[PDB]
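Working notes, structure below.
Cβ atoms come from the backbone with ideal geometry, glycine included; neighbour counts cover every protein chain shown. The numbers here are math on the coordinates, done by the rules we state, and not lab data.
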Ligand SMILES: *[C@@H]1O[C@H](CO)[C@@H](O[C@@H]2O[C@H](CO)[C@@H](O)[C@H](O)[C@H]2NC(C)=O)[C@H](O)[C@H]1NC(C)=O
Ligand SMILES: *[C@@H]1O[C@H](CO)[C@@H](O[C@@H]2O[C@H](CO)[C@@H](O)[C@H](O)[C@H]2NC(C)=O)[C@H](O)[C@H]1NC(C)=O
Ligand SMILES: *[C@@H]1O[C@H](CO)[C@@H](O[C@@H]2O[C@H](CO)[C@@H](O)[C@H](O)[C@H]2NC(C)=O)[C@H](O)[C@H]1NC(C)=O
Ligand SMILES: *[C@@H]1O[C@H](CO)[C@@H](O[C@@H]2O[C@H](CO)[C@@H](O)[C@H](O)[C@H]2NC(C)=O)[C@H](O)[C@H]1NC(C)=O
Ligand SMILES: *[C@@H]1O[C@H](CO)[C@@H](O)[C@H](O)[C@H]1NC(C)=O
Ligand SMILES: *[C@@H]1O[C@H](CO)[C@@H](O)[C@H](O)[C@H]1NC(C)=O
Ligand SMILES: *[C@@H]1O[C@H](CO)[C@@H](O)[C@H](O)[C@H]1NC(C)=O
Ligand SMILES: *[C@@H]1O[C@H](CO)[C@@H](O)[C@H](O)[C@H]1NC(C)=O
Ligand SMILES: *[C@@H]1O[C@H](CO)[C@@H](O)[C@H](O)[C@H]1NC(C)=O
Ligand SMILES: *[C@@H]1O[C@H](CO)[C@@H](O)[C@H](O)[C@H]1NC(C)=O
Ligand SMILES: *[C@@H]1O[C@H](CO)[C@@H](O)[C@H](O)[C@H]1NC(C)=O
Ligand SMILES: *[C@@H]1O[C@H](CO)[C@@H](O)[C@H](O)[C@H]1NC(C)=O
């Protein structure tokens, strides 16, 4: 502790006093991972490999739920020109756990995937299909040269070149505004067709039913752990709930806007979340020109979690209690003061307020001085400080 | 408050990105620590105006004056008086919030006040100056009336009347406190001002600050380094701003409280340990004495005053 | 202003004790006051009275208090023991002595009676 | 001072993006209101003796 103080103060000399130096925090002991588990796998291969696709004019929205995702095999395989995700990182999707997933399937020309980004304006973005500026999800695009490109053109896919109005994001609208593109593999790369699909997730705000191939780990109570409930990681100690929980909710949330109470993603029991103990740490010490012996005060945390002495300040270690009362030399809190007196050690005690005394009294007795004394008191005050500019 | 706690839950990433701001948030902890020491010093200066503890005698003959409503009952586990008990009943985490308790608990404050009060009753103002010198209360009352331009015979002839008026007035205080809690507003507004500041500070954790989410741990669970650092940084500049706002508010509020405390120490010194010739400093009327009473996060002075009434119109020269 | 350029009647404002004076001293970024104080010490325990009945008339002191060390009564000032023979110029009268409480009996020396008695002796 | 006025002229976009800072600028109005009451109390204490 003394070295921590010396490091904190940026000196090799520590004076008589109490100095705050650090913080103590109970660490996790292990990790516990929990997730809902479905016996179905999410049919993503069915959409990317479908033999006939949706035009951008009439684009397909397939919906996904009640399944275990496996994006890692879809990531880890290489068939895709670009794999970009917004508000989310593509490696991380296997960790989170969602309520819905929508696969938005269609095909598009190459120079127009410059334009498909969310909030980016342009013809296809505003007239055909829109992504909101607060969009979260992944966009995949892969080149099509033997799938939607074929010799003799390919006019099964239509694009709306004009429109009298713009879209609310995630809407489909049913000179003539609709036109077609020719897709031969003879044309340059900018003119080839590109199969593009958008995976718009809605984050957990409700019971999640879609997430990666992980396995749960059995829960524990009354030991600080690193939890993960439906993708929300975190640390604390879990315990059974005295609360009465409602049968549509999952998360009880605080004024601090952090989780306090959860329900198990695959059990119906309700668990109260308490962060495992912490507290500020301060050092009680006298000056270094007398001794190097020290004591420690673990504020706001008692002695069942860290000579020992329990105070209403916290757990005090390195000092010995004494049932005599000596006037204060170091303040601590809650009426306790410390000192370094004689071998020699730090001691703690309840401060005295001066000596117990009483004035004799009656209705016919008085005291008058016979002598006196002239004292001289010193009284120092500051008047100014250094004029800095 | 611990800055690292308030901003970063436990996350090492957030802590590393807070380190690179350097040593702002040591300054904030430093200022709060200064406040914490300073609030103990204020209480010390007010209540430790006495050199030694005095305990009241078990004699309750004072010329008819009654002080059992302000002296402690020995029967209580926490030795306090009736008026003190009315006072202490009419005054109503894991973000770094460590509520340091005071050095002086309410019992100790009561000890100090009882000592001052007993010294006032038994020793006049003499224990303010030097060693305590005993004296009867009636003669002390005479002393104090001589101080205001009234001869002491006026007391010694009207002693019972004066004692009855005093006892009745003390009963009036006891009544007004035993019903209404509006009178404690001076302390109560302070308590509210602090508990409100904490709540607004904590509620700032619910705001996004230009991020994808107001909760850090969601961000850590959904992004890689180069963009998670950005969103976190948006949170940092703004949680830190909230903390610094709180610090500044508390500092100014503490300076106000200091002014109040120095005033209270001045009153204790100049109206309990003596008689104020300063008109309408300690009570309205000509001042005689005072009595202190403990209060949570404060003090209560009971000024006793001489108020002329029932006059006539004479022709003078 | 209130303790160098005068005497503070404010108790325990400028020094502990009864204030007399002060002296200032310069200090870097500050000032130093040296209060000089009168501090009573070395007292005794006397038995007192509020007042005296002489002939029926109550007597009270103009200044000081009535004290008794034993088989004798005195008047003296209040922050210093300097016992004085009681006289009618140390005291004053108001009313009868049935209205006072805690009173005692004692004869008050009068400084006029001896001169007058001396003339009757002549 | 009204924070929303001073920052945003009347614009709903600016106001929405100020909301997402939460409740800073209630604190500022709160402090100014405290000052405003306090300046009346000072005058009252001086002159209503
Ligand atoms: C001082 O005042 C208190 C006022 O309460 C007196 O205490 C009351 O005394 C009567 C009988 O003397 C009891 O019936 C009441 O219950 C007491 N009240 C309380 C609240 O204790 C006390 O007697 C007075 N002192 C003297 C010497 O008369
Ligand atoms: C001075 O005023 C006091 C009251 O403030 C009077 O004292 C009251 O006198 C009546 C006599 O009729 C008693 O019944 C009351 O109990 C007294 N009051 C108290 C609190 O004891 C006093 O009489 C007045 N003096 C004169 C000369 O009239
Ligand atoms: C109280 O003080 C008086 C005055 O000094 C004392 O009376 C004197 O005592 C001395 C002896 O100590 C005699 O020589 C004087 O003649 C006495 N003077 C008078 C006027 O009587 C008295 O003894 C003191 N009482 C006590 C108990 O010491
Ligand atoms: C002071 O002296 C007077 C007389 O000089 C005392 O009055 C006497 O008191 C007793 C007891 O009440 C009576 O028996 C006498 O008749 C009273 N005499 C007169 C002339 O009234 C008085 O008691 C003395 N004072 C004290 C406090 O003892
Ligand atoms: C997942 O385990 C839970 C046990 O609580 C059960 O409700 C659910 O049917 C299981 N799913 C499987 C075996 O895929
Ligand atoms: C179809 O996609 C699935 C996974 O989505 C993959 O197993 C399969 O190899 C794909 N088909 C082709 C032709 O690559
Ligand atoms: C302070 O330090 C020096 C070196 O330890 C030593 O000579 C001196 O005596 C010390 N002071 C006291 C009071 O011992
Ligand atoms: C810690 O909590 C309380 C708080 O003071 C203390 O009394 C107790 O000894 C400690 N906990 C347990 C389980 O003993
Ligand atoms: C401490 O107080 C306890 C009472 O429980 C007693 O055992 C002990 O002897 C006291 N200390 C001293 C120095 O007497
Ligand atoms: C008598 O004194 C009273 C005090 O209120 C007042 O009403 C009256 O005016 C005085 N006498 C005269 C002549 O004014
Ligand atoms: C004598 O005065 C001293 C002052 O300390 C005190 O010890 C003593 O109690 C006094 N006399 C009586 C009868 O109490
Ligand atoms: C003081 O009161 C008591 C009552 O116990 C009495 O004996 C004593 O004579 C009184 N003294 C005076 C001076 O009134």
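Applying Stokes-Einstein at 20 °C and 1.002 mPa s to the Kirkwood radius of segment A:98-251, computed over alpha-carbon pairs, gives a translational diffusion coefficient of 111 µm² s⁻¹.
Normalised size of the protein assembly as shown, defined as Cα radius of gyration per 2.2 N^0.38 Å with N residues, equals 1.42.
Mean per-residue shielding of peptide B:120-131 is 5, counting Cβ atoms of other chains within 10 Å of each Cβ. Between residue B:263 and residue A:310, the FRET efficiency from the beta-carbon distance, with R0 = 60 Å, is close to 0.95. The distance from the alpha carbon centre of segment A:321-356 to that of segment A:231-274 is 45 Å, rounded to a whole number.
A compact globular protein would have a Cα radius of gyration near 2.2 N^0.38 Å; the ratio found for segment A:164-227 is 2.21. Starting from a Cα-only point model with no solvent, please compute log10 I(q)/I(0) by Debye for chain C at q = 0.16 1/Å. Computed log10 I(q)/I(0) values: -0.87. For chain B, the normalised intensity computed at q = 0.14 Å⁻¹ comes to -1.06 (log10 of I(q)/I(0), Debye sum over alpha carbons, equal scatterers, no solvent). When the Cα gyration tensor is reduced to axis lengths a ≥ b ≥ c, the ratio a/c is 1.5 or higher for segment A:320-389, and with a/b not above b/c it is classed as oblate. Inverting the pair-averaged 1/r between distinct Cα atoms of segment C:1-62 gives 15.2 Å as its Kirkwood hydrodynamic radius.
What the pair-distance distribution of segment A:274-356 shows, using all Cα-Cα distances binned every 5 Å from zero, is 3, 15, 26, 24, 16, 10, 4, 2, 1, 0 percent. Take each residue of peptide A:254-262, count the partner chain Cβ atoms within 10 Å of its Cβ, and average: the result is 5.
Per residue, the average separation of C-alpha pairs within less than 8 Å and at least 6 apart gives segment C:1-104 a relative contact order of 20 percent. Calculated FRET efficiency, residue C:80 to residue A:352, Cβ-Cβ distance, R0 = 30 Å: about 0.35 to the nearest 0.05. Ranked by the mean number of other Cβ atoms within 10 Å of their residues, highest first, the peptides A:75-81, B:217-223 fall in the order B:217-223, A:75-81. Rounded, prolate or oblate: which one fits segment D:1-41, using the alpha carbon gyration tensor with axes a ≥ b ≥ c (rounded when a/c is under 1.5, else prolate when a/b beats b/c, else oblate)? It is oblate, given that a/c is not under 1.5 and a/b is not larger than b/c.
A Cα-only calculation for segment B:230-281 places Rg and Dmax at 20.8, 66 Å.
Going from the residue with the fewest nearby Cβ atoms within 10 Å to the one with the most, C:97, C:14 rank C:97, C:14. Above 22 angstrom, tally the Cα pairs of segment B:92-192 and express them as a % of all pairs, no decimals. Tail of the P(r) past 22 Å holds 58 percent of the pairs. Does segment A:1-112 come out rounded, prolate or oblate, given a ≥ b ≥ c as the square roots of the eigenvalues of its C-alpha gyration tensor, rounded meaning a/c under 1.5 and, failing that, prolate meaning a/b above b/c? It comes out prolate by the Cα gyration axes. With the cut-off at under 15 Å, measuring from each backbone N in segment A:1-36 to a point 7 Å along the Cα-to-Cβ line of residue A:289 picks out A:12-17. The distance between label points at residue C:1 and residue A:48 comes to 8.5 nm (points 7 Å beyond Cα on the Cα→Cβ vector).
Between the C-alpha center of segment C:48-122 and that of segment A:160-228 there is a gap of 110 Å.
For a quick protection proxy, order the peptides A:100-110, A:164-174 by their average other-Cβ count within 10 Å, most packed first. Numbers along the way, then the final one.
On the way: A:100-110: 20.5, A:164-174: 11.5.
Packing proxy ranking, top to bottom: A:100-110, A:164-174.
Working from label points 7 Å from Cα in the Cα-to-Cβ sense, the residue A:30 to residue B:97 distance is 3.4 nm. Take each residue of peptide B:153-162, count the partner chain Cβ atoms within 10 Å of its Cβ, and average: the result is 4. Going by neighbour counts of Cβ atoms within 10 Å, the residues A:53, B:314, B:94 line up, fewest first, as B:314, B:94, A:53. The ratio of the alpha-carbon radius of gyration of segment B:75-117 to the globular-protein estimate 2.2 N^0.38 Å is 1.52.
Each of C:121, B:84 has some number of other Cβ atoms within 10 Å of its Cβ, and from fewest to most they run C:121, B:84.
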